[PDB]
């Protein structure tokens, strides 16, 4: 029910204050605080994002919510507590982790991502699916980024919320990220209400490239204008910012922004040039991709940009389309 949903949100927003205190003030949170500071987190940024620390006692959140008069089973359903199936006892889901609040589209805290700082697995532990937290719907930073997304008529999608935090601080405000999942149909429905222009800047690795191709292809099919920013090999936005700085990052992002079709063929360049079977198949694919582009202007430029990769004229490529 809506009443129960509000209770769950309250739990999250109240424990946030305790997590924040634990991180910034307490002895147990000292190492976690140092970790964040070494990753460039100022006191102001930590406070702004409401970042905290979950102690390792396994009953920190439990006792707090119990003291505040919340139903323990509801706290379990809210994904803040886990349940020992043997004795039906409850304990903290998040233990010895740095706690990043996950806010919904209305800016209410509906879940957490807890990062290890001692090299434990998994690196990030998220809230489970709950009535208020759904990974297929939530886009990190969306409530904060909405204004700039509308103003700039563009949304930029990153892989990690950490990248979003750093990108925002660097000056790139129209950024969001899924919680480690493939962009859903629901996400795309939400996004297209804000803008038709979506730029993908995933990590500069094989998985990032594969995700870019897959996500970009689906966005293109849905009638969105897709662009790609390709980071240097082995880097994500956070790593690029840490190595080159904020100004270099915002310049880089503004520099090479390619339409999806151009990025795609550039990735397939070597295979096309050596494999005649792949040549034919990718010429057909790229022809189909370009045909899907709603922008007549960018459709024409894509034709001019893609044609050289197949050693054909723009007129020849246009004919195939």
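Numbering follows the first chain given and starts at 1.
Colleague: Per the PDB record, is the mean Cα temperature factor higher over 247-255 or over 178-186?
Modeller: Looking at the recorded C-alpha B-factors, 247-255 comes out higher on average.
Colleague: Per the entry, where is the mean C-alpha temperature factor higher: 14-22 or 306-314?
Modeller: The stretch with the larger average C-alpha B-factor is 306-314.
Colleague: From 96, 222, 134, 127, pick the one with the largest CA B-factor in the entry?
Modeller: Answer, based on the entry's C-alpha B-factors: 222.
Colleague: Could you tell me which one of 171, 79, 101, 107 shows the highest CA temperature factor in the PDB record?
Modeller: Top of the list by C-alpha B-factor: 171.
Colleague: Quick check on the deposited entry: does the C-alpha B-factor of residue 91 sit in the lowest, middle or highest third of its chain?
Modeller: Middle third - that is where residue 91 ends up once the chain's C-alpha B-factors are sorted.
Colleague: Going by the CA temperature factor in the PDB record, which third of the chain does residue 238 belong to: lowest, middle or highest?
Modeller: As the PDB entry reports it, the C-alpha B-factor of residue 238 lands in the middle third of its chain.
Colleague: Compared with the other modelled residues in the chain, in which third is the CA B-factor of residue 208?
Modeller: Answer is middle: the recorded C-alpha B-factor places it there.
Colleague: Compare the C-alpha B factor of residue 274 with those of the other modelled residues in its chain, then answer lowest, middle or highest third.
Modeller: It belongs to the highest third of the chain when residues are ordered by C-alpha B-factor.
Colleague: Pull the Cα B-factor of residue 1 out of the PDB entry and bin it into the chain's lowest, middle or highest third.
Modeller: Middle third - that is where residue 1 ends up once the chain's C-alpha B-factors are sorted.
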